There are 4 protein chains.
Amino acid sequence: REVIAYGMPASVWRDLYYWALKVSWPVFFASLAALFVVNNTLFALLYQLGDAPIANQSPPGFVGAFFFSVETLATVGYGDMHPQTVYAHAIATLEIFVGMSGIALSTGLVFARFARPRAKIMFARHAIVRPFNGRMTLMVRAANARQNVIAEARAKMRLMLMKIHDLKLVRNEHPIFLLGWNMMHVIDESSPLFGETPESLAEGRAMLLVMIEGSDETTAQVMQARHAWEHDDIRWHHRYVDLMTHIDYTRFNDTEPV
Amino acid sequence: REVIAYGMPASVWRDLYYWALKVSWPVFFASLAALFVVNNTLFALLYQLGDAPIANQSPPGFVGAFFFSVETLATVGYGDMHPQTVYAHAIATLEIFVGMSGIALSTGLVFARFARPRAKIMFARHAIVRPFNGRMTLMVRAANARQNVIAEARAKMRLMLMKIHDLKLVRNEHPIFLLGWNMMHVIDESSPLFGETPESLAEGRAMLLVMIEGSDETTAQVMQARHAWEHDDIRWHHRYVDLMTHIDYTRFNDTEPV
Amino acid sequence: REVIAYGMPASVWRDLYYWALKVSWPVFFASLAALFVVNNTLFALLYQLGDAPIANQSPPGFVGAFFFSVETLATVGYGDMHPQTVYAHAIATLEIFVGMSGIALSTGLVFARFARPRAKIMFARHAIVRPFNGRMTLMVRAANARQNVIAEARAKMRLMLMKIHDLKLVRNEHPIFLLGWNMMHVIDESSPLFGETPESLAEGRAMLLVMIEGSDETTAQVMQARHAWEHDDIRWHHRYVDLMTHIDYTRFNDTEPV
Amino acid sequence: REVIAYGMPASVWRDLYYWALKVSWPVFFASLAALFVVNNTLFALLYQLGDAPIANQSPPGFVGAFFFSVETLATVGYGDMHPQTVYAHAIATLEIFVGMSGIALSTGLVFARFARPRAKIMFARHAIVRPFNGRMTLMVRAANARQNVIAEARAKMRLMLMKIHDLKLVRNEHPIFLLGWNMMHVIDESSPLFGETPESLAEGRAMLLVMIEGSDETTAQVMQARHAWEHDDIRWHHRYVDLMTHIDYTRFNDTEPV
Ligand SMILES: [K+]
Ligand SMILES: [K+]
Ligand SMILES: [K+]
Ligand SMILES: [K+]
């Protein structure tokens, strides 16, 4: 329900909403569909019972109530009235409620899926540490990916487990006018990544953690994304292939030493 | 409507929405159901009146309009037209509006319940004060519980009533990359929990108050949770049983002295 | 559309949503109702036209299409089919779309009204300036009013027009565990309300401006409220009648000199 | 999909929601309408097929199923039952689902459009730099434009590309009680716009960038707006025509030297 190995409390139900809002839009509707079917049968197989018959329609039996059902659960009432007997009515009433209620939770999950924040921030499969305007400085570079932003990013660091406050891999600029961002930080004394070697990190399970946060002007939702680099991912003495006016994005991740 | 003894202004109505969005999902739908019924009768008992009859259907009387009603309030129109007389029509029109409108407020409360933030932060039934990397420091440890976060926590303290600003039981890190958080604070001079003994607190109704706040990347809602420790809950000279790679929360709360 | 005298750009439409989400819930539904009617007529009076008749129902003429209409706009289809002629169909189709669409915007405004933040912060009709634990200090006191919070408040000040940064009428505590809050600030040198008399303010159109901001744990919406005091409202050398365990709220605003 | 020249990954679908929530409200509904039509045909042209006929209604052929269709997709069930044959039923069932589902995504996009933040911040077509209370200071002035706020604004500056941290064109007040805001900043040493002339900027493609951010108390959405001034837009040695008690925005933009 989380990131590497969990044993805690859970409950089918919620786990379900999860899928509801994480699945693809066809797999979604299919999901309903499949449920529509299952929910149309269970009511049909509850019609061929009772104190009297139902399917006063074209279909002889079952296939009647079914196509009857698919006229009430969804509440379309088409026009072949089977309000013939009480038991018969009840069932049909119990249905009407449901489907009406069902349409809700569906129209419901729908909006809930729409509401999923909509922008996404993509980060460089690889970090890099190079010499810059003087001293040694680290670098990570991310960028928008659909409906822009204009964010601020904090940048934390993990070794040993103590999570050290690294001058925000923004250390130079905590924010920016995002439509191409190159987050970076000087490794001078002040910094905790001082005298530390690729060998130094490696042993401390060292991790570079970054999170950009910005609001989507289009929906004003403030959506934040995070990203983690494993020590062996910080590729040394390199740089990012230039990308640009226009930016072309294919080679975003690659690097080359210096 | 609040925490220990209130006497103030109020108004039924809202108090209701409350329940709407705090009750269990069956108790919910039942609620509607029950209301559906009540709302189907009141319209039926408004049919057996007027200038003319209604139930031109299977049911002789009442049980007719009812099962008629449950064809309009929900708006299913099935197919036994009782638009026979004016008065008869009106009633049926007044209905149609309603139910149509009713379905709304229901589909409505629904989304409003979905929208309830969805993550929850769980805290250690017990605080703890132990020696760490040198001096005496307090500790509380909380963790996610369904759809993660990545929050910041302030930590306040109560004795006596003056609520003292304790260097955020985050004093070391006001935030973190939450998926296991261990909030803690050094008790040196600067700190207000300095020279204070289990006996010292006890008399001041001393309380440890903590609140983590973070946004759910999945819905971007910023949901905060709080938690209070009673002085006799801060268990001294202990530590938290280790929990981890994997974390097994089963033993999240336990501790063992040092 | 704003607070004392405006002349700018506007547009009926939006001004309308305004009312939609500011009116009372009956005035609301009435609003629709009234619109339902108006929207049922305009379609009826568009039926008694065309290439052929419509009202093949109980009502002789008009009152027929109407009660017909109120069977389609809302989309209930009851059961007296007037799909007799093309023109006749069209009209009925144009309708079906609408009402279906209309039900939307209605179910729509509905949720939009629900979504109105739900907590409200009430402030003391009167500020007060009294001597406290030593020096002269100002004071304002607000409190919840339905579904609590736990907020932080900034406090600004206006004279001359320059809006001076007054050590947040929280100057002592920028936040609190809100369920009765008494915001206050020392008037020592540091403070801009230093040597200033009721006569001093009065001439500078002096204003005390306050805003509390907190999140509603129940909906996680962060709702802020503001409040302004006119110089002659800061009542001097007084205090707030005590109010309290339980708080009883009737005399919240009153004061008495010292 | 962005601001000057892009070449990157994408996918129709989302690009669509975009339009959904950016188009005008008629162009909207038209959009649906047009789709209603297209979606009514494709089902009709799927009726004149199968193992048996359909249009047992007024219209001889096609125009029958169509007006039939427009009775089910929308789910109105009017009353000329064509549940005559299986194939015939299926088609009609496949429809019912859809339209029911379709109404959702529509009621859906609807709320999603409503939810578009609703306030907007307007800025002075022209900046200005004048002498104030002593030294030379810059100035920009913005103001609400429908449902107020109460925001905080950061103010950045561009020359050359290095984006210099200018003491927030709020440098005097980072916030305010917005209902007329006049953002300004002293140009002393500390400031990066020090000794720089209209000629100095011009060559560095100099840009004044501002962004106000505040929450709409009415919906608690925090909506931010931005605005950029081209160096030749900062009009020197001027001021803003006064606007006020009442403010008449008609003359919001104008200025006059000093
Ligand atoms: K119907
Ligand atoms: K019917
Ligand atoms: K019907
Ligand atoms: K019929």
# chains A, B, ... in the order shown; residues from 1 in each chain; ligands from 1
$ residues_around --residues "residue 101 of chain A" --least-positions-apart "2" --cutoff "9 Å" --atoms "only C-alpha atoms" --output "CSV table (one decimal) with N, CA and C atoms, in the first residue's frame"
chain,number,residue,atom,x,y,z
A,96,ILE,N,-34.5,0.5,-8.4
A,96,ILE,CA,-34.5,2.0,-8.6
A,96,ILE,C,-33.7,2.8,-7.7
A,97,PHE,N,-33.9,2.6,-6.4
A,97,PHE,CA,-33.0,3.3,-5.4
A,97,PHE,C,-31.6,3.0,-5.9
A,98,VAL,N,-31.0,1.9,-5.6
A,98,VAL,CA,-29.7,1.5,-6.0
A,98,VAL,C,-29.2,2.2,-7.2
A,99,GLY,N,-29.4,1.6,-8.4
A,99,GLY,CA,-29.0,2.2,-9.6
A,99,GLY,C,-28.9,3.8,-9.6
A,103,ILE,N,-25.6,5.4,-9.9
A,103,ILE,CA,-25.2,6.3,-10.9
A,103,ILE,C,-24.4,7.4,-10.1
A,104,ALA,N,-24.9,7.8,-8.9
A,104,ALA,CA,-24.2,8.8,-8.1
A,104,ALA,C,-22.7,8.5,-7.9
A,105,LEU,N,-22.4,7.5,-7.0
A,105,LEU,CA,-21.1,7.0,-6.8
A,105,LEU,C,-20.2,6.9,-8.0
A,106,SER,N,-20.9,6.6,-9.2
A,106,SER,CA,-20.1,6.6,-10.4
A,106,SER,C,-19.9,8.0,-10.8
B,29,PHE,N,-26.4,5.5,3.2
B,29,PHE,CA,-27.4,5.1,2.4
B,29,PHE,C,-28.7,4.7,3.1
B,103,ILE,N,-32.1,13.9,-6.0
B,103,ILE,CA,-31.0,13.0,-6.5
B,103,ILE,C,-29.8,13.9,-6.4
B,106,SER,N,-28.1,14.4,-3.1
B,106,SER,CA,-27.6,13.1,-2.7
B,106,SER,C,-26.3,12.9,-3.5
B,107,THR,N,-26.4,12.9,-4.8
B,107,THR,CA,-25.1,12.8,-5.6
B,107,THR,C,-24.2,13.8,-5.0
$ select_by_dssp --residues "segment 90-209 of chain A" --states "alpha helix (DSSP H)" --output "PyMOL selection string"
chain A and resi 90-114+198-203
$ atom_distance --atom1 "atom CA of residue 219 of chain D" --atom2 "atom CA of residue 178 of chain A"
26.8 Å
$ interface_residues --of "chain A" --to "chain B" --cutoff "9 Å" --atoms "only C-alpha atoms" --output "PyMOL selection string"
chain A and resi 1-10+14-15+18+71-72+74-86+89-90+93+96-97+100-101+103-105+107-109+111-112+115-117+156+163-165+209+221-225
$ select_by_dssp --residues "segment 14-176 of chain A" --states "strand (DSSP E or B)" --output "PyMOL selection string"
chain A and resi 122-123+127-131+136-143+152-158+163-164
$ closest_residue --among "C:230, C:242, C:254, C:213" --to "residue 121 of chain C" --atoms "only C-alpha atoms"
C:213
$ residues_around --residues "residue 186 of chain D" --least-positions-apart "5" --cutoff "8 Å" --atoms "only C-alpha atoms" --output "list in words"
residues 135, 136, 137, 138, 171 and 191 of chain D
$ write_last_selection --atoms "C-alpha atoms" --output "PDB file, in the first residue's frame"
ATOM      1  CA  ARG D 135      15.418  57.711  -2.296  1.00  0.00           C
ATOM      2  CA  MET D 136      14.491  56.408  -5.761  1.00  0.00           C
ATOM      3  CA  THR D 137      11.915  53.598  -5.662  1.00  0.00           C
ATOM      4  CA  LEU D 138      10.069  51.486  -8.331  1.00  0.00           C
ATOM      5  CA  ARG D 171       9.940  45.109  -0.317  1.00  0.00           C
ATOM      6  CA  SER D 191      19.036  46.500  -4.576  1.00  0.00           C
TER       7      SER D 191
END
$ closest_residue --among "A:182, A:56, A:190, A:197" --to "residue 212 of chain A" --atoms "only C-alpha atoms"
A:182
$ residues_around --residues "residue 39 of chain D" --least-positions-apart "5" --cutoff "9 Å" --atoms "only C-alpha atoms" --output "JSON, numbers by chain"
{"D": [34, 44, 73, 99]}
$ atom_distance --atom1 "atom CA of residue 185 of chain C" --atom2 "atom CA of residue 170 of chain C"
6.3 Å
